[PDB]
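Just one chain is shown here, as structure tokens, and it is the form deposited in one PDB entry.
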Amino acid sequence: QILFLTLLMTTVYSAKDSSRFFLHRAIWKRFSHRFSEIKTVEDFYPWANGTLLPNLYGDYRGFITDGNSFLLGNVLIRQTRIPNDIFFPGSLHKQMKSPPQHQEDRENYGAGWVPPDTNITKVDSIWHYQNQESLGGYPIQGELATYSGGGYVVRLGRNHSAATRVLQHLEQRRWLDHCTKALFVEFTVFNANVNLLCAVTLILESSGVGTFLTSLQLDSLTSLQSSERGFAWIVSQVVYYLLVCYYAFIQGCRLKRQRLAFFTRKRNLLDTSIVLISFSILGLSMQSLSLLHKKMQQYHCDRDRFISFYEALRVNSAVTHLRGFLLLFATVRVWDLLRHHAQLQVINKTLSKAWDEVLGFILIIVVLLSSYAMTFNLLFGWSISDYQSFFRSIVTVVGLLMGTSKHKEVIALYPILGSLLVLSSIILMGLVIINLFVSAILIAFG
């Protein structure tokens, strides 16, 4: 049906937002200032005091850094550790040790990371452990690991006064020391000028050599109304969602009269999936808005408490991923509906001899790219950043083929070898295309 497909594509090509870019950009620009100059955990305190507190409490009571963005609740600082297993190598060079990779801290210590006293429980201290279930469940995927959702937790916020109080109380007592793995700073913000709820996480994680990597993760979600997006949008969507139900009924009465062979035809698997996805999208959208509302119900009871909006943002990311698939299926279905009602065969069956050119030319490709990717990764993977791993090298070699990446540093590093490798590539491709010419000109002559 023409109307059904045109409505689907205008409902996927629409629903864009031009403010989710500028919000992310403003926030990232302000909070990432001088963040990457933190190497050791000794520097976190000048940075926190200089470019984290002036932005969290920005000269309008409640908003971050210019007004325009309300702060929702407390600000959390969390940290996961490795057990203080006293190493002090010193005279330990013969039979050098292997530090364990099975270690995390889960014990309750007491002030100064010492043994605790005879109240063995799990109190809410900055020294006791907090379960992920007790906490807002959210495993964070950092850059060189996937840290847990628990740890040692402090909350300092809603003034500028209490923030500095606890920031000078943490440093005086050595809360952050050398047994500290990743550290996280978490808060949430709401912008009511362009209804958008953003969650900000700042990750300071530990590498092998004593030094830290810094990163930001922003995630936003638009809680408008899902229905009050204005006129001329509700009408198109309502007719589209009525036609989706029509087609669902069509495919239902088609399956009942079949009981089988429904999965043998492409024209059936391509519409049922579209129907299911179109239903699930609106289902999950209503569900996300409900989750947000009932989590605001908690905020209105007692603010001055940390709140995690992670469930709503996660189901919203599900809604987003279910749109790439809707778009893909719609494109395939449109292409088929067009190639049927107009004899528009793409290939003149020169791209096949009944099964071989399919898997007799996607093996040449894989072997050649694996060869060049492995070699480039072993040769240049210790200095150049585009060849750190095998898959980075795969993408970079494909880019070399396309032209977006240049051979300027691999020639500046290893001229004698890098030149011969490029030469091999070029000779191979030239021979391939010359064969493609001569076989073609010899076919149409014999």
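Between two forms, the rigid core is defined as the largest C-alpha subset superposing within 1.5 Å. Residue positions are given as counts along the sequence shown, with the first one as 1.
Absent from the display: the form deposited in another entry. The rest refers to it.
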Original post:
With the two forms superposed on the core, which of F325, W335, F249, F87 shows a CA shift of 2 angstroms or more between this form and the one not shown?
Top reply: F87
Subject >> Core-superposed comparison between this form and the one not shown, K97 Cα displacement 2 Å or beyond >> reply: yes
**OP:** Note yes or no: does the Cα of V123 move by 2 Å or more between this form and the one not shown after the core is superposed?
**Re:** yes
Subject >> Outcome for the Cα pair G90, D85 in the other entry, compared with this form (closer or farther; change of 3 Å or more) >> reply: closer
